């Protein structure tokens, strides 16, 4: 009938204040241009919020641009029932050419629960091409 869906697009990222050595999460646009959310799928501050238990297809592309040794995208599942997140998908690539750019695309199916939160983490947030909605994006839909 009316299934939860969202396609999110990149915006300008704010520099991260401190390093936990942790991979910082991307912020997203959720309603303008090609970005949308519908049918109870909520986007709040870096998280896609799962409204309904079921199997979802989740995808993301992050275009990296450099003007380190590797670039990495991870898609992460946060739940209240446990302090540590789960790494659902990882796209990791070694970087060898002083001016370069490269996309990383990830997509797969996962069983998710109502209340679960999804985020996209990257190795270095300053390498992320944020200049257009078609190059860096993040989405999910109930099957």
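Residue numbers count along the first chain shown, from 1.
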- Item | Unmodelled deposited residues flanked by residue 96 on one side and residue 97 on the other | 1 to 3
- Item | Deposited but uncoordinated residues in the residue 32/residue 33 interval | none
- According to the deposited model, is the average Cα temperature factor higher in 97 to 105 or in 34 to 42? 97 to 105
- Query: When the C-alpha temperature factors are averaged for each of 12 to 20 and 124 to 132, which stretch ends up with the higher value in the entry?
  - Reply: 12 to 20
- Item | Maximum C-alpha temperature factor, selected from 118, 26, 67, 90 | 67
- Third of chain Cα B-factors occupied by residue 84: highest
